[PDB]
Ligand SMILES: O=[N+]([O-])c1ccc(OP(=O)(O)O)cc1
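Coming up is one lone chain in structure tokens, specifically the form deposited without this ligand.
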């Protein structure tokens, strides 16, 4: 019967250790710029000629998008031990591992950014404002104050094109001018914008995610007119995509698009489909004349491949015994309380019987999805001998504006019912002998709402980086996170309070593991402390694990282990009974 701890650790270790890559662009002529988790930390690399050079010294969080060929990379690094107050560091690509901090920019939550080579344009959130900034030889400039999370998408000449969460959970398109500043906002009554790119004719080509469909559109930023984009191949509209992951013009004028349906993507160049390995893909770049994208799946860790051969340039290798810890995967449609079909990804473990111990692993966000993409949490549960049920509850991306916007104004409501229906299905399908719930971020919120609102549905609960109290979280949030909490609770304090697990602790009847980074600035620990005070006060059984010098965005293996390992240890111990 006994939990095999050293095996679990080794497996959890190797799944975190395995290298993971992200495609960020091309620099210095023909050098892939890739961010990768490798040698234990998140780092920036140049790839070319079957070799890598490491650009950074200390671990980083990401880099700004370089337009093709710049001659430098801008690193983004948390200088607040996890609280996501980032700084910018220039690395000249001819002198790798020598960084010059950009002292003009005081630490802030960097949201996005582009480096045109003559200037660096970025969006950032501070305690009082979200804003589009520009930094050049003439110092730093505030181009525009943004009403909510904003993300720079592209820049051509002086035109700047961005995406903005400015109300209702809807995404707006925005533009600005690199020299004169300003802000123009474009809303759609039909839906939300997904990706933007500026055409050679200075029009913004954008994805537009409508009720249950997605499509491409052209916005002229002079007059705000919106028309459909005709493409010279019809494969794109034949594919009838539900969401758009990414689009961008290549240096040769061709429009690359990556769109998806049902948690798998397809690549298109001027509308034509290009052969791509199955799963999901990231951005597409043109390098030494050939197409390159990132690729991932439930069984393959994020890697970098060439299209259409699908052959890898960089890729982390899984050992066969871990490969087999995933017997298979499947997308099933669970019927929820209101009749809605909740599209649910299922990983069958090769170390669990059927029926067997199953965990309902809930995604964060909530504007995120479970898809055919590598998930370490999920793979490690497989490894430990749990089947894994991953419900794309309402609020999820990937299934249309309608399903995504149903969560707005109703946290701990319909989306919890979706999760619950996924649990019920797990048993009734034959898959589950017992149910556990586990989740990070908003998914940890679900765990806590699961255990307060649905006592006795689940056997035990892991809640990481959780939301606990909307009210106290709001007070401790930066401008951008205040606006989003507003957007998500529909500006209601009643919802804020009533839909906070902390005010319902007396109903918990199940064991509960809490995991939290001490310096998380999104989901802070202060409320989690008060929750423990409540649990204790009311005679409830829990364990807690607070991780030092870390926040919501984990960028080292050690932090990754401290986050993941107590979850798996706790679930394995609960399986003993």
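Positions refer to the first chain, counted from 1.
Below: the form deposited with this ligand bound, not depicted.
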On the criterion of a non-hydrogen atom at 4.5 angstroms or closer, are 441, 484 and 552 all touching this ligand in the entry with it bound?
yes
Look at the stretches 89 to 97, 354 to 362, 441 to 449, 405 to 413 and give the one with heavy atoms within 4.5 Å of this ligand in the entry with it bound.
441 to 449
Exercise: residue 31 in contact with this ligand in the entry with it bound, heavy atom 4.5 Å
no
Mark residue 436 yes when one of its heavy atoms lies within 4.5 Å of a heavy atom of this ligand in the entry with it bound, and no otherwise.
no
Taking heavy atoms only, is residue 473 within 4.5 angstroms of this ligand in the entry with it bound?
yes
